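# Close look at the chain arrangement
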Amino acid sequence: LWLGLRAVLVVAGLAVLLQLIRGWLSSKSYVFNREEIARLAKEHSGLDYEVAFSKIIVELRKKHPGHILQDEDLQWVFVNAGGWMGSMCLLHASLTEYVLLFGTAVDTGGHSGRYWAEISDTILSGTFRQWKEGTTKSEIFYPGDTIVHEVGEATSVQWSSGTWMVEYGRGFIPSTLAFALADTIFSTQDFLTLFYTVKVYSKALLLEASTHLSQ
Amino acid sequence: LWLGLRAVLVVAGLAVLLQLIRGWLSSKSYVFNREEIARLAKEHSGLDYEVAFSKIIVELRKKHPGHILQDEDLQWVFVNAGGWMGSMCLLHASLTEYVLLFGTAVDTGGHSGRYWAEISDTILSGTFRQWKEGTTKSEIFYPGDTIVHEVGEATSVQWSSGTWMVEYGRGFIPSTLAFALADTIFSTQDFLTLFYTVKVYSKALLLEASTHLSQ
Amino acid sequence: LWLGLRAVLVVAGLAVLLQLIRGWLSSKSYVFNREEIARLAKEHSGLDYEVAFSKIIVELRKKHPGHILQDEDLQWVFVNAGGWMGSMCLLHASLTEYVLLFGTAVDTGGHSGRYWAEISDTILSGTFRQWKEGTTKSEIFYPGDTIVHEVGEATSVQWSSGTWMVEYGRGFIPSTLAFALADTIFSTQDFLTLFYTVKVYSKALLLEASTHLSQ
Ligand SMILES: CCCCCCCCO[C@@H]1O[C@H](CO)[C@@H](O)[C@H](O)[C@H]1O
Ligand SMILES: CCCCCCCCO[C@@H]1O[C@H](CO)[C@@H](O)[C@H](O)[C@H]1O
Ligand SMILES: CCCCCCCCO[C@@H]1O[C@H](CO)[C@@H](O)[C@H](O)[C@H]1O
Ligand SMILES: [Au+]
Ligand SMILES: [Au+]
Ligand SMILES: [Au+]
Ligand SMILES: [Au+]
Ligand SMILES: [Au+]
Ligand SMILES: [Au+]
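Residues numbered from 1 in each chain as written, not as in the entry; some residues may be left out. Chains lettered and ligands numbered in written order. Heavy atoms only, no water.

Method of determination, as given in the entry header: X-ray crystallography; reported resolution: 3.2030 Å.

Before going further, it helps to examine the interface of chain C and chain A. Each side of the interface is counted separately: chain C has 23 residues, and chain A has 23 residues. For the pair chain C and chain A, the summed buried area comes to about 2,000 Å², and 56% of that belongs to carbon and sulfur atoms. Summed over the shared surface of chain C and chain A, the number is 2 salt bridges. Joining chain C to chain A, the criterion identifies 12 residue pairs in polar contact. When contributions to the side of chain C that touches chain A are tallied by element, the ones reaching two or more residues are β4 (108-111), β6 (128-132), β9 (155-159), α4 (173-180) and α5 (182-186) of chain C. Tallied by class, residues from the side of chain C that touches chain A come to 6 nonpolar, 11 polar and 6 charged. (Contact = heavy atoms within 4.5 Å. Buried area = accessible area lost by both parts, 1.4 Å probe. Salt bridge = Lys/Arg side-chain N within 4 Å of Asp/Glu carboxyl O. Polar contact = N/O pair within 3.5 Å; in protein donor to acceptor, adjacent residues only side chain to side chain. Helix = DSSP H or I, 4+ residues; strand = E, 2+ residues; numbered from the N terminus. Nonpolar A, V, L, I, M, F, W, Y, C, P; charged D, E, K, R; others polar.)

Residue and element names in this part refer to chain C. Strand order in the open sheet formed by 4 strands is β4-β9-β6-β7, and the pairing between neighbours is antiparallel. Each having just a single partner strand, β4 and β7 (139-141) make up the two edges of the open sheet. Direction aside, neighbouring strands of the sheet carry axes that sit 20 degrees apart on average. Where β6 meets β7, 3 bridges bridge the pair, whose relative direction is antiparallel. When the sheet's bridge partners are listed, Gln130 is paired in β7 with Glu139. (Pairing = 2+ DSSP bridges. Axes fitted to C-alpha atoms, helices over the stretch in contact; angles between N-to-C directions.)

This part takes up the interface of chain B and chain A. Put simply, an interface is often sized by how much accessible area is lost when its parts join up. Between chain B and chain A, the residue contacts involve 23 residues of the former and 24 residues of the latter. Here chain B meets chain A over a buried area of about 1,900 Å², counting both sides, of which 55% is carbon and sulfur. Taken together, the connections running from chain B to chain A amount to 3 salt bridges. Ionic pairing is found between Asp107 of chain B and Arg129 of chain A, a salt bridge with its closest N-O pair at 2.5 Å. Listed by contribution, the elements that provide at least two residues to the side of chain B that touches chain A are α3 (49-63), β1 (77-81), β2 (84-93), β3 (97-104), α5 (182-188) and α6 (191-214) of chain B. Counted by class, the side of chain B that touches chain A contains 10 nonpolar, 10 polar and 3 charged residues.

Around ligand 1, the surrounding shell consists of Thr127, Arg129, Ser138, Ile140 and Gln158 of chain A together with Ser161 and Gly162 of chain B. Surrounding ligand 1 is a set of residues that belongs to chains A and B. One of the side-chain nitrogen or oxygen atoms of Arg129 of chain A is found 3.2 Å away from an oxygen atom of ligand 1. At 3.2 Å, a side-chain N or O of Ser138 of chain A approaches an oxygen atom of ligand 1. Within the complex, the protein chains bury 56% of what would otherwise be the 520 Å² of accessible surface of ligand 1. (Near = heavy atom within 4 Å. Areas by Shrake-Rupley, 256 points an atom, 1.4 Å probe, with all protein chains shown as cover.)

Right, let's get into the domain arrangement of chain A. All names here are of chain A. Per the domain assignment, the segments making up chain A are domain 1 (1-30) and domain 2 (32-214). Taking the mean C-alpha position of each, domain 1 and domain 2 sit 28 Å from one another. Across the boundary between the two partners, domain 1 contributes 7 residues, which contact 8 residues of domain 2. Together, the buried faces of domain 1 and domain 2 total about 680 Å²; carbon and sulfur atoms form 82% of this surface. The largest contributions to the domain 1 side of the interface with domain 2 come from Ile21, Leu25 and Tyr30, which together make up 68% of the buried area. For the pair domain 1 and domain 2, the interface holds 0 salt bridges. Residue classes in the side of domain 1 that touches domain 2 are distributed as 5 nonpolar, no polar and 2 charged. (Domains from an automatic or database assignment.)

Residues and elements named next belong to chain A. The backbone of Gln189 sits at a positive phi, close to 55 degrees, despite the residue not being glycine. Checked against the element boundaries, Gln189 lands in the loop between α5 (182-188) and α6 (191-214). Owing to a relative accessible area of 29%, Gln189 belongs among the partly exposed residues under this scheme. (Buried < 20%, exposed > 50% of the residue type's maximum accessible area, 1.4 Å probe, protein only.)

This paragraph deals with the relation of the copies chain B and chain A. Mapping chain B onto chain A is achieved by rotating through 120 degrees and translating by 0.1 Å along the same axis, at an RMSD of 0.5 Å. This pairing of chains is accounted for by a three-fold axis. When the interface residues of chain B are mapped onto chain A, a mere 4% of them again lie at the interface, so each copy presents a different face. (Least-squares fit on C-alpha atoms.)

Turning our eyes to something else, we now look at the site of ligand 2. The immediate surroundings of ligand 2 are formed by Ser161 and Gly162 of chain A together with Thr127, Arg129, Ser138, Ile140 and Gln158 of chain C. Among the chains of the assembly, those with residues near ligand 2 are chains A and C. Residue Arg129 of chain C places a side-chain N or O atom 2.9 Å away from an oxygen atom belonging to ligand 2. Out of a free accessible area of 520 Å², ligand 2 has 56% covered by protein chains. For the shell around ligand 2, a count of residues per class yields 1 nonpolar, 5 polar and 1 charged.

Moving on: the packing of aromatic side chains. Counted by the stated rule, this structure contains 48 aromatic pairs over all chains. Measuring from ring centre to ring centre gives 5.7 Å for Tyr115 of chain B and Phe179 of chain B, while their planes differ by 55 degrees; the resulting arrangement is tilted. Of this pair, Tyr115 of chain B sits in the loop between β4 (108-111) and β5 (117-125) while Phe179 of chain B sits in helix α4 (residues 173-180), and the two are 64 residues apart along the sequence. Judged by its relative accessible area of 14%, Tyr115 of chain B is buried. By relative accessible area, which is 6% here, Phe179 of chain B ends up buried. An aromatic cluster of three or more residues is present, and its members are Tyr49, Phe53, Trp76, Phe78 and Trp164 of chain A together with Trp131 of chain C. When the ring centre of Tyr30 of chain B is taken as origin, the NZ or CZ atom of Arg170 of chain B, which lies over that ring, is 4.1 Å away. (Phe/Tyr/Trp six-rings, centres within 6.5 Å; stacked < 30°, edge-to-face > 60°. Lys NZ or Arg CZ within 6 Å of the ring centre and 35° of its normal.)

Given below as structure tokens:
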């Protein structure tokens, strides 16, 4: 049973790390809340979505200083995952929370991904078709609506050519990256997009760590 | 010539297993039939696809007792493959045959897959666009039609947001799994859906084995 | 230094090969021209795309004899890449240039791929939606238009059910293959299509090498 040392170690480490991370997540104080982002995004859920982006970033920097990236560190990064393709503008990210502006300028759709995070999306423009698991019918959501993709849930997502939304996620953020880059690794092979994603996540993490040091 | 032992061994094993499986397929008595399933689905291709599903499952359990899964073992499982995403309800499966209810509640499309099985789909609702290999034109099929994906053939499939059909496949069913789970491994990473697929296939195989023991 | 022998060798080989390939591309005469292919395709972008294909192939074989594959070596091969699925008819290909007739008979879309080649597409029929990186809006191109996918650029492409175009690429063609087969390896697993792609590329390379031997 000597070679079972590695297997027992892996099982015990997974159990211990799950216990630690889950207790942390359920006892951790959080910066943002889904209702906050939802109200902020629904206030600006209009036709013009670029002005909505600007106003939302301004409000977030006003009510949460030191937690939103500066304009210098902002860039739209492609996101290929689950068979769909969109783009993201990451405003805030940590090990447990993230806030971004997501959306697509083309018709896409695929698997939503099943990860260890709860994600709220408030549509600013476009249409969002969601197909829940185990059903045979889907629902369409319009600007102003907010869809909550809960932890462990898997749905089919679909977006029209002009869809843009504000997204807030809470959970274990690194695990979500494993999904968010899968198609980038095995389908698109856009290594520059992989670098951009890692770079923006690292910049957000460094901002969050720098704010903690001053406090 | 020890380094060449592995290559000769695998080639010989592949040839022997291919001949054995093909002789089995040419000698095996079959439970279902393509024309039978097509006729059964065509009987109700005028109804709501859920009513059609109910009546088809009832008729299958009547005409083939001991070969269709119990309602307790029935569940809709997502299916991501070839760039498309749908869902399945597996009613019967063996090493050589399978019967299921397939379809999507979103607009999808992709590669049909090229495997060692013949697959018949009878559309109950929606639209089914098929693009055969080597051509520059596609064809759309409507409720009541039956599409035959032959062995070794590869086409492009596309389905609208409300498409549902009855599907019967015959051949070497395990050979298909490599395709039916590929996107689940490298794109969606939905290992829970992979577990569900393995679970329903194992339940169908165990049902088929249990029916053989009583006879 | 022993653990670094492989790493030092790989670094030196990559540097030497990059310099060699760049000096070759800078010191190589080219067979085709981007404006030439664009003009030839736009002159016939008013006909049925099959008649356009025929006339374009005739003109290419007239103005460039010995560089376009014979009709016996021409076949439509499926192309699954970046999440989209179309088909190609390769007319000319070398290590530095390629000319083909691309398009899809289904509605598809995905990642354009980011490789080391500049690619011009002249739409003969259908519609072509392109979404550039860093932007929030896409543009639609119609028959007669020419899209230039530059080196290092990454976009989102989308095509309607009847889209067909003439495509000319120049750069390091092998670098593109890594993209053009990703979905074929990890999603569709249509290894017969992979064989067809390798076969047509090898036929084009052998034709181009045979033309050099006579000269
Ligand atoms: C995200 C793309 C949305 C496209 C909107 C198409 C107009 C409505 O489409 C309908 O939506 C229903 C539920 O979603 C589907 O079940 C129906 O099949 C479909 O006709
Ligand atoms: C390639 C498939 C083209 C389908 C055309 C659908 C009708 C056009 O649709 C419009 O096209 C614009 C251009 O990107 C988008 O910005 C808009 O969001 C979209 O509504
Ligand atoms: C699967 C959903 C299909 C949507 C129906 C679109 C209306 C018909 O669309 C037509 O069908 C033809 C055959 O497929 C295509 O070749 C044409 O390009 C397309 O215009
Ligand atoms: Au941005
Ligand atoms: Au932004
Ligand atoms: Au079911
Ligand atoms: Au069912
Ligand atoms: Au051809
Ligand atoms: Au052709």
